[PDB]
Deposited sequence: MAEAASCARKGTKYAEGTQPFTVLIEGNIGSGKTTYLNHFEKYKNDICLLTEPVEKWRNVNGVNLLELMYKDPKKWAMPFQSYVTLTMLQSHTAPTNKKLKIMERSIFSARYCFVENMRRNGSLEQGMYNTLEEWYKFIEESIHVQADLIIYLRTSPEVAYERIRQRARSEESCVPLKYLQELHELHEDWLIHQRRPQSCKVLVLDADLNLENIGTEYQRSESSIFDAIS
């Protein structure tokens, strides 16, 4: 009864802070193109919504554009999450879950998302779990230290905030199995 229920293979979610080596990690699998479904984070889509670059706009003026940006990120995640495939294994770089628990939650904390905006997104997150099937069998957490992530130009404080949020979500509900890797 939920959309895309029973249409997805075993699904692996690569999660990690900015600069935890996620793109590198997903590339290792590229020689298996033919047997694995590989979906990188849809940044390209965020950079071009029928011509509009939502990513730049968000950097430019977060108070105004964080809401539409995160709303759109959420959508793209669903698009990946529910995309059909005949492959027997599927790996995604980030997910609806990182978007909600890390990026949106952080924007609330630093007040990029005002109360009304945050709540609209949250209400959508709740409706999404009732209505849309998000296949998630294993998270692979490329755990790092904010400082190491820093070496590979977002501020360091931001990376620490995001680090704590990934730590809260993945180490300290979701009874999906997590696999911690030292990416230091």
Open item on the list: Which parts of the deposited sequence lack C-alpha coordinates in this model? Number from residue 1, please.
Closed with: 1-11, 164-173, 194-196, 209-230
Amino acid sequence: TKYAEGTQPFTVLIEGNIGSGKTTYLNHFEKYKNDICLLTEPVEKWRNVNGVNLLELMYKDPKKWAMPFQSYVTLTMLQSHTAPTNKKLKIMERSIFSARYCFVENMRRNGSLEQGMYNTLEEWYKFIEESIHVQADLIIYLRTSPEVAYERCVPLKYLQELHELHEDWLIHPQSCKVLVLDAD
From here on, numbers count along this sequence of modelled residues.
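Take the two forms, superpose them, and find the largest set of C-alpha atoms that agree within 1.5 Å; that set is the rigid core.
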Task: Outlying stretch relative to shown form, 58-66 versus 120-128 in 6 other deposited structures of this protein, C-alpha RMS (core) - done: 58-66
Open item on the list: Once everything is fitted on the core, do the CA positions of 140-148 or those of 47-55 lie farther from the shown form in 6 other deposited structures of this protein?
Closed with: 47-55
- [ ] Indicate yes or no: is residue 9 absent from the model in at least a third of the other PDB entries of this protein that were compared?
- [x] no
Open item on the list: Quick test of your reading: does residue 21 have no coordinates in a third or more of the other entries compared?
Closed with: no
Task: 67-75 set against 104-112, stretch whose average Cα temperature factor tops the other in the entry - done: 104-112
- [ ] Take the C-alpha B-factors listed in the entry for 23-31 and for 121-129, compute each mean, and give the stretch with the larger one.
- [x] 23-31
Open item on the list: Highest recorded C-alpha temperature factor, please, choosing from 57, 138, 142, 43.
Closed with: 57
TODO: For residue 86, return the chain-relative third of its C-alpha B-factor as stated in the PDB record: lowest, middle or highest.
DONE: highest
- [ ] For residue 165, return the chain-relative third of its C-alpha B-factor as stated in the PDB record: lowest, middle or highest.
- [x] middle
Task: Chain-wide C-alpha B factor ranking for residue 173, given as lowest, middle or highest third - done: highest
